[PDB]
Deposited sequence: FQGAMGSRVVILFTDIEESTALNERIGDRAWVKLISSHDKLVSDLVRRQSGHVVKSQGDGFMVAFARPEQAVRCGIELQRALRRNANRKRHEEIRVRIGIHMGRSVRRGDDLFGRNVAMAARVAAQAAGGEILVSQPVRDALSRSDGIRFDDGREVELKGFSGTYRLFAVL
């Protein structure tokens, strides 16, 4: 479609809950070790689901996938790993959305990138939220969804938690 800027991509954001407080409690040396380990785990899981880490945001990542099932499986695997590690507790919120986005270098721009970020911002620590398009596109179980408004967007959006 000529009027369409940008190509379809699934965008996933992760974000550690209360990372600043954690950093203050454990100190910078321990924080650097922690985020280094976390980066490696996330990187490895993304690679397993054929995604690409676009960038780090300090205590989380922006990630691109071709298919929604890849992004959701990556999220499920990360949450499972964070739970496993805590029984030796970093909590992460994950949001997933899909739509056209504009590529510039390795980065992605446009309203669907913003949407993915707000879906993630809506998620509780330990939760994976996905937008309706992702839910509709998808051995994965979802809740019945919840209506929310997102910062910068008009109207309401139904977001679905992975169960």
Ranges missing from the model, given as deposited sequence positions: 89-92, 143-146
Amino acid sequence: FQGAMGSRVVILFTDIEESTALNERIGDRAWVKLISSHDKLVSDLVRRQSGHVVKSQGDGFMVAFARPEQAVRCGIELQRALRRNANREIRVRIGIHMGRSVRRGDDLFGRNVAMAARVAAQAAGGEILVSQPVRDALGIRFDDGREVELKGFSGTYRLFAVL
From here on, numbers count along this sequence of modelled residues.
Other entries modelling both neighbours but not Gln79, at least a third: no
Is it true that at least a third of the other compared entries have no coordinates for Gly139? yes
Averaging the C-alpha B factors as listed in the entry, name the stretch that ends up higher: 101-109 or 59-67. 101-109
Average Cα temperature factor in the PDB entry - higher stretch of 16-24, 141-149: 141-149
Comparing against every modelled residue in the chain, figure out the third that the C-alpha B-factor of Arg118 lands in (lowest, middle or highest). lowest
When the modelled residues of the chain are sorted by Cα temperature factor, does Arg135 land in the lowest, middle or highest third? highest
Split the chain's modelled residues into thirds by Cα B-factor; is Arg83 in the lowest, middle or highest one? highest
